[PDB]
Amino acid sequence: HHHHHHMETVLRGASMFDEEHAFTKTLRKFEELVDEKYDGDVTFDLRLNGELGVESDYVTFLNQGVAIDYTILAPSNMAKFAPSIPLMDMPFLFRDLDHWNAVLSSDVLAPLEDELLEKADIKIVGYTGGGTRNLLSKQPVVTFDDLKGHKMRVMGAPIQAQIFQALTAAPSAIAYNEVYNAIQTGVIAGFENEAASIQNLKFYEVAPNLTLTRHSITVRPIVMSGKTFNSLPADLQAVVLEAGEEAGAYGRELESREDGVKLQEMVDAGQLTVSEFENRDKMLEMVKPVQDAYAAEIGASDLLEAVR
């Protein structure tokens, strides 16, 4: 029972997925690297398979500085606590993987890290991600006529609903752990997600039709509560940042390399039908005003212009 006050230091982690998903692998890598680097003793207890909830639960736990110490979070699942952070990977921000890489390789997102720590008391310790989010639906959704009034789940950050509303869909902010049933019972027609999570959680079972809208390339901060991070001894803080950086690099090389491979696995297995979206590039035009407006609202117009 008895731990070190800031025998061992115990850091609790959470993942929504099993051991086969890139996020869980990234968190394992993080734990491995802290152990390698820290001339000291630390114990990690990673709770998998969504045993501790989903990201909307995790972010409140980290803000409170209890329950869990570290995890990975989507920017658009953190909007309640830091309204600017969804800019980090909002839909249609990145042109392609090269663009996305040029961002994560810089320190250009620093202002958003700073806001998250100041407003939400959550410390970014590295970046994973690299999945490409596409529409996944019960029936094919392949034209703007199909998309008009298309009922779909979005994450809760305002920008997600605003983007898909601009594309003429009917977005709904439904909990991630309720999506499968909401589709299966016809409440919504689909959602949007990247290959690795679709495969790992078997969302193809209810939504077999994937449309290549390629509307987000994920940026997924590895996060520790500010309360825990700031409590750690100074040498361990520095190790956590180095470990986090390297683990993020590992995770995003991994997920980005596997994304197309996993789409093909699901096609080959007869689990997904993959379709292009007709006149997809018209989406870029339609989405600009919403993007510009959001950046202006949060006072990040200069930061957005840079990224583009």
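All residue numbers refer to positions in the sequence shown, first residue = 1.
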Which of 103-111 and 129-137 has higher mean CA B factor, as the PDB entry lists it: 103-111
Between the two ranges 160-168 and 142-150, the one averaging a larger CA B factor in the entry: 142-150
Options 265, 55, 253, 278 - largest CA temperature factor per the record: 278
C-alpha B-factor winner, where the candidates are 59, 261, 283, 66: 283
Chain-wide C-alpha B factor ranking for residue 215, given as lowest, middle or highest third: middle
Residue 77 - Cα temperature factor, lowest/middle/highest third of chain: lowest
Among modelled residues of the same chain, the CA temperature factor third for residue 290: highest
Assigned third (lowest, middle, highest) for the C-alpha B factor of residue 222: lowest
Third assignment of residue 240 from its chain's C-alpha B-factors: lowest
